[PDB]
Every structure is written in C-alpha cells, then in structure tokens.
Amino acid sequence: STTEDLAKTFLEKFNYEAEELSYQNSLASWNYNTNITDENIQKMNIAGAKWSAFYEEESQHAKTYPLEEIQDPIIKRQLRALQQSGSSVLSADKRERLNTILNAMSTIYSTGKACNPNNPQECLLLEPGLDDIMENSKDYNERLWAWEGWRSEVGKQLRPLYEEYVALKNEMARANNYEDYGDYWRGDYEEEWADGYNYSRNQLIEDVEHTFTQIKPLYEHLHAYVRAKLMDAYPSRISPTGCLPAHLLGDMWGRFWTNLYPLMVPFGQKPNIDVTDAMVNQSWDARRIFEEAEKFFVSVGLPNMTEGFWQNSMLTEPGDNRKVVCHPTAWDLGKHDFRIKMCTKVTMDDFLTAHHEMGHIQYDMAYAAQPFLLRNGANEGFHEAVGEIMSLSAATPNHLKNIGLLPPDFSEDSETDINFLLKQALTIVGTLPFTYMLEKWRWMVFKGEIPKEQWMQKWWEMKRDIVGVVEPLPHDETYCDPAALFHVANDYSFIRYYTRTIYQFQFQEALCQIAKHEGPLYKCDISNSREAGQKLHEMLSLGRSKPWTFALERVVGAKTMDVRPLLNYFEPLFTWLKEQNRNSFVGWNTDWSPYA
C-alpha cells in the first residue's frame, strides 16, 4: 500500500479534527470581537492556543509523507501547506529568542508614544493621537514633530531589535532551504506545476519590477500634480523640481496620499457624488444596505447569503451594554458558518463597504467544498482583489441609478469623474511606489545587499529615488524608520498590497469585457451580467486547489500579473494630468532636502 494512500487517509482524519478545533477558535474569537470581556479574551486565547498547538503537532506528522512520493496534486498541495515549516527548525534557544524579539517589537509599536518638544506633558500614542495629527493637520511644524518624534522615539527602540530579528529570520529561512528571509516570503507566490503554470520565487521580483516601470509615467504625473498643489499648501517649503517632504504626505508614512485630496481638488464646484442623503431620506437601515448588496450579487448569478449569515452576523453596533470592535471584517468561521461583523451606519461609504465585505463572503462560499487546507484565495492577493471589484461597480452612477439612490434623469458630469479618479489615484497609485520600495528595501536587507551601516542611508536613497519622497531631517543608523510602520514591526510581508492592486483591475477589465461594457473602464458596472459572475465563480470556487497562475488565467486569459488594466482604468486622469502639467516639472531631483 502506497505512501499517497497513507497521506490521503492521514489528511482525511486531520480534516475532521482540524475543522473542529479551528471552528472553536473562530467561534471564541468571534465571541470576543462582538462582546469584549476579560472572560472572552481568556476563551479566545485558550482556544487559539489549542489550535496552533494542534497544527504544529500535525505539521510534524504531515512531514512523514514525503512530497516526492505523492502524485495526485490535490493531496500534494494539501501536504505542502501542512508540512510548510519555519522557526521549529531553529534551536530551542534561538526559537525562544526570536519570539521574545517579535513580541518586544510588536508591543513597543502599540505602546510607545512621542512628546511634543514644546508641550512636554502632551505625549501621544500613535494609535489615536499621532495618527490624528498626520491625517488632519495642515501645519508644517506640527506635522514635523509628530513625524520625527515617532521615528526617533519608537523607531530607535526597534533598531537593535530589528537588527537581531533579521539575523534569526535568515537563519530560520536557510535552515528551511531558502536563500534568506525574503526568499522565504516570496515563496507565497511559488507554484510547482507542469506545463508552464509553474512560478519561481525569483519571478516575483522579475514581475514586480517589470510592472513597476510601466507605472512610473502615471506616478510621475500624479507626483508632479500633488507637488504643485502642496507647494501652495505649504508655501516656501517645497522645491518645484525636488522631492516631497515625507511628513506632509497625508498619513504617518506617505503610505496613502488620500487625505491630501481637499488641498488639490480638480474641480472644486462639482462636489463628489454622495448618496448618503438619498439613503437617509428613503429611511434605509443597515438591513436594507446588506439586502441591497445581496441583490447585487444575485444579479450576476451568485448565491444568496445563507440563512445563518442573517441570524449570526453583527451588522450594527449593538448599542446595549456590549463593547465591540467596529472594524469591518468578513468571517469564514468554518462549517459553512459565514458572518460579517460591521458597525454599519447609513452612509454611502458603509454602503460600498458592505458590498466589498460581502464579496469576501462570496469567495468564501464559493470554495467551501474544497478540502479544508485549500479553502483560501488562489494566493495572498486574490481575496481583497475580488472584494474591491464589487465596491467598484456599486459606486458607479449607473448602478446607483438602478437602485434609486440617484434620480432617473441624472446625468454624469465629466468634471465630477475627474474629481473621483483623482481621489482614486491618490489612494491606489499613490501607494504602489511606497509599497514596492518598502518590500524592495526589506528584500535587499534580508539578502545582505544593504549592510547594517547603510540601512537608513539606502532607505532614504530609495525613498528619494523610487518614491520621490525625501526625509525632512537627517537620520543616521541610530534610526530604524522602516520599522516605524506596523507591518515591518509586526513581521508581515508587504508585497500583497502591490499585487492585489494590480490583480483587482485585471479582474475588473476581464469582467467588463464579458459584461459587454461600452465606455472607459471606470464607469463599468458588472451588474446583471450572469456571464461575468459565472466566470468569476469558476475561479472563486477553485480555492488554493489550482496554482494561482492558472486561477488568474481562468478569469483574464493570461497567467501573468499585468498592470496595463490599472493604467487603462486611470487613462482619463492620466491624460488630464499631462495637460495639467504643461508648465510643471515632471519627475524629481533626489538632491534637494528641507534641511540641506
């Protein structure tokens, strides 16, 4: 009797126990997020610790069926996921030391505070306090203390920790046969498959970089336009051929330029479409929104929400004694138990969010028949891409007409479209160079290409060169500014934010084709195209059972990441910016400094 026999029957029994322990973890965690009590924190910890103990134990057992000896690729993909390994291969001392470090970092990020150099008793956490300054201030000096203070106080603490964290992760990664921690992380896009659905870890670098050069033009003109307006925002602070002072960019990092919008609004007298007041006047409540989001998905031929989804979801802030976490999320607890937790308000924003989050649930329902270990998006980027596609079509004036949040005789205003596409680019394309540059730095640090003595030096060389952003004050190697961002300090790969953005518009372009949409790529509304929803579902239901390259091909026709749809989405704005910049510089110096 063959080793694939043993593997199949081992997995058959694991699936039952795993499904059960994992369901108890989901339930206890859900109990916390919808009722924060110290008792519930306890039940959440106790159950989550049971699940991870079970998993690591079973992950060792899964290793006794060598992958070489398995032929059926559905069993093979199951085992690869279970026997995927890390951190156990270290010594027990270094494994314990690593966790001490990851834990030190993660908590000094959520508790370190920085004090205003002029009001010493005003000491502000990031989480409510500095964040409010970096997202709402228009004062150069106020924004500067906050930005610099958080990077001198919280950042410098993390520097020796991050230093040692790099050493241990690389030891772990090479102990598992990867080149470095980065090569380990790029394994999340790897695929081992015949006839050209393979995808090598080094190709992710190849594809990320090649897509990025195509972005540079659109980013250059977005950059030139905001630099112009920001010059007006903060007169005599910004060079017109220079880079952007990092502390003026709209959040704590310049991760999203989206809060810069009211300083640079293209057509000030065409206020952006806001169906909030319509919703309030038609007496819509939270139930109505979600019903409407359900309607949208049926119209493309996807299922209704399960009856459990309506009993067990938490669609409003409970308003009794209970204390909750309001951040919208879409849970797949297991055992076809699907729920959304969201503190819904009657706003146009929460209307779109319900669509975005119900899209997550549709993905979850679609692959529920796959084996347990394969119930995920095709890779780390697919779930959010699918969610965002829904938010896109539901915001269009056409859909808003058909559901009567916009009068039937309403006519779209091309200037109002430019307003909307600018705000979109401030978020969507703004973040792409930020994201690519961060992971490139991280990836290089792990490879050993950047020495310790040049960490912050190459960081800002890359901020200046790639992102067109320049540090307002000089930072030596006493700083660890990349760790002053959550995902770095909390040890999370960052490239998903880049790939899922590119995936999202690949999906939407492919679906609007199928829906025989007429004009430009924004303004598209896949509503009522059962053909489009069905193509979507044919991939959604794959789970992780096929390589993501095949999964992408199932919807768009190529097995490749491709950024041309993103550029196509923004083509209207792209030509508008070009004409707006007839008398602006485009690109940046990389020599100019506020402090020079």
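In this text, residue numbers run from 1 along the sequence as written.
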For this session: Would you determine, from the values in the PDB entry, which of 508-516 and 129-137 has the greater average C-alpha temperature factor?
Result: 129-137
Exercise. With respect to the recorded C-alpha B factors, which stretch has the higher mean value, 361-369 or 413-421?
Worked result: 413-421
For this session: Can you pull the Cα B-factors for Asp491, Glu384, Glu191, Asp476 from the entry and say which is highest?
Result: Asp476
Exercise. Which has the highest CA B-factor per the PDB entry: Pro303, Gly334, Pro433, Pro408?
Worked result: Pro408
Seminar exercise, completed: For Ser52, the third of its chain by CA B-factor is the lowest
For this session: Could you say whether, by C-alpha temperature factor, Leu392 belongs to the lowest, middle or highest third of its chain?
Result: middle
Problem set entry | Third of the chain's Cα B-factor distribution that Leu79 belongs to, per the entry | lowest
Problem set entry | B-factor third for the C-alpha atom of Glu39 within its chain | highest
Problem set entry | Where the record places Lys523 (Cα B-factor, split into thirds across the chain) | highest
